[PDB]
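S.K.: Sharing model01.tsv here; it has TSV, C-alpha atoms and all ligand atoms.
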```
chain	number	residue	atom	x	y	z
D	1	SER	CA	51.41	-15.37	-36.61
D	2	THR	CA	52.18	-19.07	-36.93
D	3	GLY	CA	51.10	-22.38	-35.39
D	4	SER	CA	52.80	-25.77	-35.13
D	5	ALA	CA	51.07	-28.97	-33.95
D	6	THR	CA	52.08	-32.61	-33.78
D	7	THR	CA	49.91	-35.12	-35.61
D	8	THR	CA	49.83	-38.72	-34.42
D	9	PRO	CA	48.72	-41.95	-36.08
D	10	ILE	CA	45.60	-43.39	-34.42
D	11	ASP	CA	46.82	-46.99	-34.73
D	12	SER	CA	49.75	-49.15	-35.85
D	13	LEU	CA	48.67	-48.98	-39.50
D	14	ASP	CA	48.49	-45.15	-39.76
D	15	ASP	CA	44.79	-45.58	-40.54
D	16	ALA	CA	44.41	-41.86	-39.77
D	17	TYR	CA	46.13	-39.05	-37.88
D	18	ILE	CA	44.85	-37.00	-34.93
D	19	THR	CA	45.98	-33.52	-33.96
D	20	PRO	CA	45.07	-31.85	-30.67
D	21	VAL	CA	42.87	-28.81	-30.96
D	22	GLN	CA	41.90	-26.35	-28.22
D	23	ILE	CA	38.26	-25.27	-28.31
D	24	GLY	CA	36.64	-22.74	-25.99
D	25	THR	CA	37.32	-20.83	-22.79
D	26	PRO	CA	38.63	-22.54	-20.69
D	27	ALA	CA	40.18	-24.72	-23.35
D	28	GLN	CA	38.66	-28.08	-24.16
D	29	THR	CA	41.19	-30.20	-26.00
D	30	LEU	CA	39.90	-32.53	-28.67
D	31	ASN	CA	41.84	-34.77	-31.05
D	32	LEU	CA	40.72	-33.98	-34.55
D	33	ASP	CA	41.37	-35.51	-37.95
D	34	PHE	CA	42.81	-32.74	-40.12
D	35	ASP	CA	41.21	-33.27	-43.53
D	36	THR	CA	42.33	-31.38	-46.63
D	37	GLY	CA	39.52	-33.30	-48.37
D	38	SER	CA	36.65	-31.49	-46.59
D	39	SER	CA	35.80	-28.13	-45.16
D	40	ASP	CA	33.82	-28.60	-41.98
D	41	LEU	CA	35.21	-28.38	-38.45
D	42	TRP	CA	32.90	-30.67	-36.52
D	43	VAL	CA	33.18	-32.31	-33.13
D	44	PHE	CA	31.68	-34.85	-30.83
D	45	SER	CA	29.70	-32.81	-28.27
D	46	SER	CA	27.38	-32.77	-25.27
D	47	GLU	CA	24.62	-32.67	-27.97
D	48	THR	CA	25.61	-35.91	-29.69
D	49	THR	CA	23.18	-38.82	-29.48
D	50	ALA	CA	24.22	-40.77	-26.38
D	51	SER	CA	24.28	-44.12	-28.12
D	52	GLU	CA	26.53	-42.72	-30.84
D	53	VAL	CA	29.38	-41.70	-28.53
D	54	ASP	CA	31.80	-44.39	-27.35
D	55	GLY	CA	35.10	-43.20	-25.99
D	56	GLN	CA	35.33	-39.85	-27.71
D	57	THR	CA	36.22	-36.62	-25.96
D	58	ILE	CA	33.27	-34.22	-26.33
D	59	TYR	CA	32.86	-30.50	-26.66
D	60	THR	CA	30.45	-28.95	-24.17
D	61	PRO	CA	29.66	-25.46	-25.47
D	62	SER	CA	27.76	-24.59	-22.28
D	63	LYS	CA	31.06	-24.86	-20.34
D	64	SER	CA	32.71	-22.32	-22.64
D	65	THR	CA	32.24	-18.67	-21.83
D	66	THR	CA	33.23	-17.76	-25.42
D	67	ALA	CA	30.85	-20.15	-27.14
D	68	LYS	CA	27.85	-18.56	-28.90
D	69	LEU	CA	25.10	-20.44	-30.68
D	70	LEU	CA	25.04	-19.54	-34.35
D	71	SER	CA	21.29	-18.96	-34.53
D	72	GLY	CA	19.43	-21.11	-37.03
D	73	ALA	CA	22.54	-22.67	-38.49
D	74	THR	CA	22.72	-26.34	-39.27
D	75	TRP	CA	25.14	-28.66	-41.01
D	76	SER	CA	25.10	-32.04	-42.66
D	77	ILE	CA	27.95	-33.85	-44.37
D	78	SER	CA	28.29	-37.16	-46.23
D	79	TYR	CA	31.85	-38.23	-46.97
D	80	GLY	CA	33.04	-40.14	-50.02
D	81	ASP	CA	33.32	-43.29	-47.89
D	82	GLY	CA	29.63	-43.27	-46.97
D	83	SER	CA	30.23	-41.97	-43.43
D	84	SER	CA	28.33	-38.90	-42.21
D	85	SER	CA	27.35	-36.57	-39.40
D	86	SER	CA	25.16	-33.53	-38.79
D	87	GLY	CA	24.06	-31.13	-36.08
D	88	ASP	CA	24.07	-27.48	-35.12
D	89	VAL	CA	26.66	-24.73	-34.89
D	90	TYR	CA	28.50	-22.50	-32.46
D	91	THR	CA	31.21	-19.95	-32.93
D	92	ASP	CA	34.11	-20.25	-30.47
D	93	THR	CA	37.81	-19.69	-29.96
D	94	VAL	CA	39.85	-22.37	-31.67
D	95	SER	CA	43.60	-22.80	-31.31
D	96	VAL	CA	45.93	-25.10	-33.16
D	97	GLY	CA	49.52	-25.36	-32.04
D	98	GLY	CA	49.62	-21.85	-30.59
D	99	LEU	CA	47.66	-20.32	-33.44
D	100	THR	CA	44.32	-18.84	-32.43
D	101	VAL	CA	41.11	-18.02	-34.33
D	102	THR	CA	38.29	-16.22	-32.55
D	103	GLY	CA	34.73	-16.68	-33.83
D	104	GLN	CA	35.50	-19.95	-35.60
D	105	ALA	CA	32.43	-21.96	-36.58
D	106	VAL	CA	32.42	-25.13	-34.48
D	107	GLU	CA	29.92	-27.65	-35.82
D	108	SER	CA	28.42	-29.63	-32.95
D	109	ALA	CA	27.38	-33.18	-33.75
D	110	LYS	CA	23.90	-34.33	-32.83
D	111	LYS	CA	24.29	-37.37	-35.08
D	112	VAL	CA	27.28	-39.38	-36.36
D	113	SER	CA	27.47	-42.55	-38.47
D	114	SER	CA	28.55	-45.91	-37.02
D	115	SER	CA	32.09	-45.67	-38.34
D	116	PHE	CA	32.70	-42.51	-36.30
D	117	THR	CA	31.14	-43.95	-33.17
D	118	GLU	CA	33.31	-47.01	-33.64
D	119	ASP	CA	36.55	-45.05	-33.66
D	120	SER	CA	37.03	-43.73	-30.13
D	121	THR	CA	40.30	-42.05	-31.12
D	122	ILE	CA	38.76	-39.38	-33.38
D	123	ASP	CA	36.86	-36.59	-31.66
D	124	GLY	CA	35.90	-34.86	-34.92
D	125	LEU	CA	37.30	-33.36	-38.12
D	126	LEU	CA	39.02	-30.08	-38.99
D	127	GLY	CA	38.57	-29.48	-42.69
D	128	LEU	CA	41.27	-27.81	-44.75
D	129	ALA	CA	39.81	-27.91	-48.27
D	130	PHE	CA	38.27	-24.71	-49.71
D	131	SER	CA	35.41	-23.09	-47.84
D	132	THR	CA	33.19	-23.42	-50.91
D	133	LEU	CA	32.56	-26.96	-49.73
D	134	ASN	CA	31.47	-25.96	-46.20
D	135	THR	CA	28.11	-27.52	-45.43
D	136	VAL	CA	26.73	-24.94	-42.99
D	137	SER	CA	23.24	-23.63	-43.81
D	138	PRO	CA	21.87	-21.19	-44.42
D	139	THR	CA	25.09	-19.17	-43.99
D	140	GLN	CA	28.15	-21.08	-45.22
D	141	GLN	CA	31.12	-20.82	-42.89
D	142	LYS	CA	34.88	-20.48	-43.26
D	143	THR	CA	37.51	-23.11	-42.40
D	144	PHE	CA	40.07	-22.56	-39.72
D	145	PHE	CA	42.81	-21.88	-42.30
D	146	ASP	CA	40.66	-19.34	-44.13
D	147	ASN	CA	39.88	-17.57	-40.88
D	148	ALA	CA	43.57	-17.45	-39.84
D	149	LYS	CA	45.14	-16.78	-43.24
D	150	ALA	CA	45.27	-13.02	-43.16
D	151	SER	CA	46.99	-13.22	-39.79
D	152	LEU	CA	49.61	-15.77	-40.76
D	153	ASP	CA	53.17	-14.78	-41.54
D	154	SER	CA	52.62	-16.54	-44.88
D	155	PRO	CA	49.24	-17.77	-46.15
D	156	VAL	CA	50.22	-21.42	-46.11
D	157	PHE	CA	49.99	-24.64	-44.16
D	158	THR	CA	52.18	-27.73	-44.43
D	159	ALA	CA	51.52	-31.40	-43.85
D	160	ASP	CA	54.43	-33.57	-42.70
D	161	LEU	CA	52.90	-36.96	-41.94
D	162	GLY	CA	55.03	-39.71	-40.50
D	163	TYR	CA	55.18	-43.39	-41.35
D	164	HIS	CA	54.31	-45.34	-38.21
D	165	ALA	CA	55.28	-42.20	-36.32
D	166	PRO	CA	54.08	-38.72	-35.41
D	167	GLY	CA	54.56	-35.79	-37.72
D	168	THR	CA	53.65	-32.15	-37.97
D	169	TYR	CA	51.06	-29.66	-39.25
D	170	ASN	CA	52.45	-26.14	-39.51
D	171	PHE	CA	50.55	-22.93	-40.20
D	172	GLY	CA	51.95	-19.73	-41.61
D	173	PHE	CA	55.50	-20.89	-42.28
D	174	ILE	CA	57.62	-23.49	-44.07
D	175	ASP	CA	60.18	-25.39	-41.98
D	176	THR	CA	63.26	-25.57	-44.19
D	177	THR	CA	64.74	-28.23	-41.86
D	178	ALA	CA	61.83	-30.68	-42.38
D	179	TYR	CA	62.64	-31.68	-45.98
D	180	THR	CA	65.48	-32.50	-48.30
D	181	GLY	CA	66.33	-30.93	-51.64
D	182	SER	CA	63.90	-28.32	-52.91
D	183	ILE	CA	60.14	-27.92	-52.97
D	184	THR	CA	58.52	-28.39	-56.35
D	185	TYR	CA	55.30	-26.42	-56.73
D	186	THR	CA	52.46	-27.43	-59.06
D	187	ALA	CA	49.19	-25.89	-60.23
D	188	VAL	CA	45.93	-26.30	-58.34
D	189	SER	CA	42.34	-26.17	-59.58
D	190	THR	CA	39.91	-24.99	-56.91
D	191	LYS	CA	36.87	-25.58	-59.19
D	192	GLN	CA	35.62	-28.60	-57.20
D	193	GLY	CA	36.65	-27.20	-53.82
D	194	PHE	CA	39.63	-29.55	-53.44
D	195	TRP	CA	43.43	-29.27	-53.46
D	196	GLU	CA	43.25	-30.68	-56.98
D	197	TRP	CA	46.43	-31.08	-59.04
D	198	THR	CA	47.98	-33.11	-61.85
D	199	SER	CA	50.76	-35.60	-61.29
D	200	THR	CA	53.18	-36.04	-64.23
D	201	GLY	CA	53.42	-39.84	-63.95
D	202	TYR	CA	54.69	-42.86	-62.04
D	203	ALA	CA	57.14	-45.70	-61.66
D	204	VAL	CA	56.82	-49.12	-60.02
D	205	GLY	CA	59.80	-50.21	-57.93
D	206	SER	CA	62.98	-49.80	-59.98
D	207	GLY	CA	60.82	-49.49	-63.10
D	208	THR	CA	60.99	-46.88	-65.82
D	209	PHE	CA	59.02	-43.70	-65.22
D	210	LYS	CA	55.80	-43.44	-67.22
D	211	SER	CA	54.99	-39.91	-68.35
D	212	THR	CA	51.25	-39.52	-67.98
D	213	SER	CA	48.90	-36.93	-66.52
D	214	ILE	CA	47.03	-38.02	-63.42
D	215	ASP	CA	44.50	-35.60	-62.02
D	216	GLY	CA	43.83	-36.07	-58.33
D	217	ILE	CA	43.47	-34.43	-54.96
D	218	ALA	CA	45.84	-34.04	-52.04
D	219	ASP	CA	43.72	-35.55	-49.24
D	220	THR	CA	45.11	-35.94	-45.72
D	221	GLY	CA	41.74	-37.30	-44.60
D	222	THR	CA	41.93	-40.35	-46.89
D	223	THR	CA	44.22	-43.16	-45.77
D	224	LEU	CA	45.17	-44.86	-49.02
D	225	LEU	CA	46.39	-43.97	-52.49
D	226	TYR	CA	43.64	-44.28	-55.10
D	227	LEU	CA	44.73	-44.25	-58.71
D	228	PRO	CA	43.48	-45.32	-62.16
D	229	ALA	CA	42.95	-49.06	-62.65
D	230	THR	CA	45.70	-49.24	-65.24
D	231	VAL	CA	48.27	-47.81	-62.83
D	232	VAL	CA	47.10	-49.92	-59.92
D	233	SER	CA	47.19	-53.03	-62.07
D	234	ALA	CA	50.74	-52.33	-63.18
D	235	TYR	CA	51.76	-51.95	-59.51
D	236	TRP	CA	50.24	-55.13	-58.12
D	237	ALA	CA	51.47	-57.15	-61.12
D	238	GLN	CA	54.94	-56.86	-59.56
D	239	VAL	CA	53.80	-58.64	-56.39
D	240	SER	CA	53.52	-62.41	-56.58
D	241	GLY	CA	50.13	-63.62	-55.55
D	242	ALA	CA	48.48	-60.20	-55.41
D	243	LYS	CA	44.86	-60.06	-56.51
D	244	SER	CA	41.88	-57.77	-56.71
D	245	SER	CA	39.22	-59.27	-54.41
D	246	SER	CA	35.67	-58.07	-54.73
D	247	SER	CA	34.76	-59.73	-51.50
D	248	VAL	CA	37.39	-57.90	-49.49
D	249	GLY	CA	36.95	-54.72	-51.54
D	250	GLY	CA	40.33	-54.12	-53.17
D	251	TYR	CA	43.76	-55.48	-53.95
D	252	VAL	CA	45.15	-57.91	-51.40
D	253	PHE	CA	48.54	-59.61	-51.35
D	254	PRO	CA	50.41	-62.32	-49.49
D	255	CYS	CA	51.48	-60.97	-46.14
D	256	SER	CA	54.82	-62.73	-46.70
D	257	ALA	CA	55.54	-60.36	-49.58
D	258	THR	CA	58.16	-57.67	-49.93
D	259	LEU	CA	56.37	-54.81	-51.69
D	260	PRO	CA	58.03	-52.64	-54.29
D	261	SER	CA	58.17	-48.84	-54.04
D	262	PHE	CA	55.85	-46.53	-55.96
D	263	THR	CA	57.03	-43.26	-57.46
D	264	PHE	CA	54.76	-40.40	-58.47
D	265	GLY	CA	55.79	-37.30	-60.40
D	266	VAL	CA	55.48	-33.69	-59.38
D	267	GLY	CA	56.48	-31.64	-62.37
D	268	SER	CA	60.00	-32.82	-63.11
D	269	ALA	CA	60.42	-34.02	-59.54
D	270	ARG	CA	59.72	-37.45	-58.10
D	271	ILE	CA	58.34	-38.65	-54.81
D	272	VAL	CA	59.16	-42.21	-53.79
D	273	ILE	CA	56.77	-44.18	-51.61
D	274	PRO	CA	58.69	-47.09	-50.01
D	275	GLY	CA	57.10	-50.52	-50.35
D	276	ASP	CA	56.43	-50.86	-46.61
D	277	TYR	CA	54.19	-47.77	-46.73
D	278	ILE	CA	51.84	-49.78	-48.99
D	279	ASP	CA	51.25	-52.64	-46.51
D	280	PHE	CA	48.05	-52.26	-44.51
D	281	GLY	CA	48.25	-55.61	-42.72
D	282	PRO	CA	46.03	-58.69	-42.52
D	283	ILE	CA	42.53	-58.22	-43.98
D	284	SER	CA	41.23	-59.81	-40.79
D	285	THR	CA	42.92	-60.80	-37.55
D	286	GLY	CA	45.26	-63.74	-38.11
D	287	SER	CA	44.88	-63.69	-41.92
D	288	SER	CA	47.92	-64.24	-44.15
D	289	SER	CA	46.24	-62.05	-46.82
D	290	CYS	CA	47.15	-58.39	-46.42
D	291	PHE	CA	45.35	-55.29	-47.68
D	292	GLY	CA	47.00	-53.11	-50.27
D	293	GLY	CA	47.74	-49.46	-49.75
D	294	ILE	CA	47.36	-48.64	-53.45
D	295	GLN	CA	43.84	-49.13	-54.76
D	296	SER	CA	41.77	-48.40	-57.82
D	297	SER	CA	39.95	-45.10	-58.00
D	298	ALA	CA	37.54	-46.52	-60.54
D	299	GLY	CA	34.08	-45.88	-59.13
D	300	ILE	CA	35.23	-42.93	-56.98
D	301	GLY	CA	35.08	-40.36	-59.69
D	302	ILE	CA	38.44	-38.89	-58.76
D	303	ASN	CA	42.01	-39.90	-57.96
D	304	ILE	CA	43.08	-39.46	-54.35
D	305	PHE	CA	46.61	-38.76	-53.10
D	306	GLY	CA	45.80	-40.10	-49.67
D	307	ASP	CA	48.09	-40.43	-46.64
D	308	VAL	CA	50.05	-43.32	-48.20
D	309	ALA	CA	51.38	-40.84	-50.74
D	310	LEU	CA	51.43	-37.63	-48.73
D	311	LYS	CA	53.38	-39.19	-45.86
D	312	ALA	CA	56.32	-39.82	-48.24
D	313	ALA	CA	56.58	-36.06	-48.76
D	314	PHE	CA	56.69	-32.70	-47.13
D	315	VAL	CA	53.60	-31.03	-48.54
D	316	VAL	CA	52.91	-27.31	-48.82
D	317	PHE	CA	49.35	-26.14	-49.10
D	318	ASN	CA	49.82	-22.61	-50.48
D	319	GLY	CA	46.63	-20.66	-50.15
D	320	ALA	CA	47.83	-17.53	-51.87
D	321	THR	CA	45.33	-15.68	-54.10
D	322	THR	CA	46.23	-18.32	-56.64
D	323	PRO	CA	46.71	-21.50	-54.62
D	324	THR	CA	49.40	-24.02	-55.41
D	325	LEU	CA	50.68	-27.28	-53.95
D	326	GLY	CA	54.31	-27.98	-53.12
D	327	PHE	CA	56.04	-31.35	-52.66
D	328	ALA	CA	59.49	-32.14	-51.32
D	329	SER	CA	61.28	-35.30	-50.33
D	330	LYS	CA	62.24	-35.70	-46.70
M	401	LIG	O1	35.52	-40.41	-47.27
M	401	LIG	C1	36.72	-40.39	-47.48
M	401	LIG	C2	37.66	-40.16	-46.33
M	401	LIG	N1	36.96	-40.04	-45.03
M	401	LIG	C3	36.75	-38.65	-44.60
M	401	LIG	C4	35.95	-38.61	-43.28
M	401	LIG	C5	36.61	-39.48	-42.20
M	401	LIG	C6	36.80	-40.92	-42.73
M	401	LIG	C7	37.67	-40.84	-44.01
M	401	LIG	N2	37.30	-40.55	-48.70
M	401	LIG	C8	37.18	-39.51	-49.67
M	401	LIG	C9	37.86	-38.31	-49.41
M	401	LIG	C10	37.82	-37.22	-50.28
M	401	LIG	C11	37.07	-37.40	-51.44
M	401	LIG	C12	36.41	-38.57	-51.72
M	401	LIG	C13	36.44	-39.67	-50.85
M	401	LIG	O2	35.73	-38.53	-52.91
M	401	LIG	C14	36.07	-37.18	-53.35
M	401	LIG	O3	36.92	-36.44	-52.42
```
Write out the structure in this file as C-alpha cells.
Ligand SMILES: O=C(CN1CCCCC1)Nc1ccc2c(c1)OCO2
M.R.:
Amino acid sequence: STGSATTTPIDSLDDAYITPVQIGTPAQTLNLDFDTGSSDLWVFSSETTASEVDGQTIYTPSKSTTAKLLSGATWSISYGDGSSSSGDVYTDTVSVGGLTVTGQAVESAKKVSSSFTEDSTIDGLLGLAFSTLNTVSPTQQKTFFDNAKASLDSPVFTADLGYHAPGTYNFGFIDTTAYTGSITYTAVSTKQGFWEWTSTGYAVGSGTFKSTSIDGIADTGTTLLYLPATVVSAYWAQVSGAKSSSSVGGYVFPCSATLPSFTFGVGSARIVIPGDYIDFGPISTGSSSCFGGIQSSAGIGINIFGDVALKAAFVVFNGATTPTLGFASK
C-alpha cells in the first residue's frame, strides 16, 4: 500500500505545515502538523478544556463507531519549545492520503498550552520520529508510520515541503518525478529517538565549502534551521546590519536586505537553501527589523534541520531495519 497527502503552509511565512488526516468512522478530518521530531499523534477533541480551544477542528470519539477508549492510558508531552499538551487515549481508524491504519492510538487532548490554543490552524500533531519517544503510559504506543510500515510497498516516507507553497508527504514510495539528480543517503542514529544524522559541512552564499561534521536532526515540526554558533555567526556576518538580539531572541536583520544562500552537505552532495527561504519577516507588525531563519542551537542541546532546510530538499525517511535519511535537490 501507499499514501500521498498534500501539506500546506499555515501562513505566509511557512511557520508550519498542516496535512489533512481522516480519523474515525464516519471520517472526521483534522489538519495535523506532521512532526518527524516527535512521536505522538494527538488532537484537539471534545475532551479539550473549553477555554483552550479557539478555532480548531476537534475530534469527537463518541461520534466514531470505530473509536475505543484505551483503558487507563494517558499521555503527556513537553516540546523543546516549551509548549505542551496531555490527555487520554483512544484507538481508531486513521487515514492519510488514502493510506489507512486500523487501531491507531489517537491521543485526545484534555489540556493544551497557550501556543496551541493560539494557533487555530493546527488541530494536533502526527509524530513521525521513532516510537521509543511515544509518551503514552503505561503502555507506549506506535506512530502511524510504524503501524503502517509492514503494509507499505516500501518502508519509507518522504517529505517534500514547499517554499510559500503546498508540498507533499508520501508513504510507501519514492516519487522519482519530485526531485532532480540523485538521492544521497546518509547514516542515522536512532539512539535518542530522532532522525539524527551528520551533515558534512556548509557554505555561505558563493563562499567556499567548509568540511565539518554537524550532528543534527531532520525535524519537519521545527520551523527554522538551528546550527552551531560558529556557523550561524559566519552566515549573518555576510548580511549588513544583522545582529543577535537577546531581547527579540535571535538573529535579526534589516528587512531591506538581500540574504545570501546557505549550503549544507549531505555526504558528497550539497543542498542549497536560497536566501529568501531565510527571511521570516518583521519581528513585529510594521517593523523594519526582520527575523532570521538561521539561528543558533546553543542552549538547545542539539542541532535542528528544521523546515527552512528540509524545504530546499526532497527528503526520504527510510525506516528499513537500519534506518537512513536521503536528500535530493528539487
Ligand atoms: O518544540 C519544537 C518544535 N515544536 C513542536 C511542537 C509544535 C510547535 C513546534 N522544537 C524542537 C523540536 C525537536 C527537538 C527540539 C526542539 O529539541 C530536541 O528535538
S.K.: Name the residues, by chain letter and number, that sit within 9 Å of ligand LIG 401 (chain M) using all atoms listed in the file, and give them as a ChimeraX atom specification.
M.R.: /D:16,33,35-38,78-84,115-116,124-125,194,217-224,300-304,306
S.K.: Between atom CA of residue D:95 and atom CA of residue D:22, what is the spacing in Å?
M.R.: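 For atom CA of residue D:22 relative to atom CA of residue D:95, the distance reads 5.0 Å.
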S.K.: Which is closer to residue D:328 than all the others in D:24, D:265, D:61, D:98, using all atoms listed in the file?
M.R.: D:265
S.K.: From the list D:309, D:204, D:187, D:283, which residue is nearest residue D:260 when using only C-alpha atoms?
M.R.: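 Going through D:309, D:204, D:187, D:283 one by one, the smallest distance to residue D:260 is for D:204.
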S.K.: Nearest to residue D:239 among D:323, D:205, D:267, D:127, with distances taken over all atoms listed in the file: which residue is it?
M.R.: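 Under the stated criterion, the closest residue is D:205.
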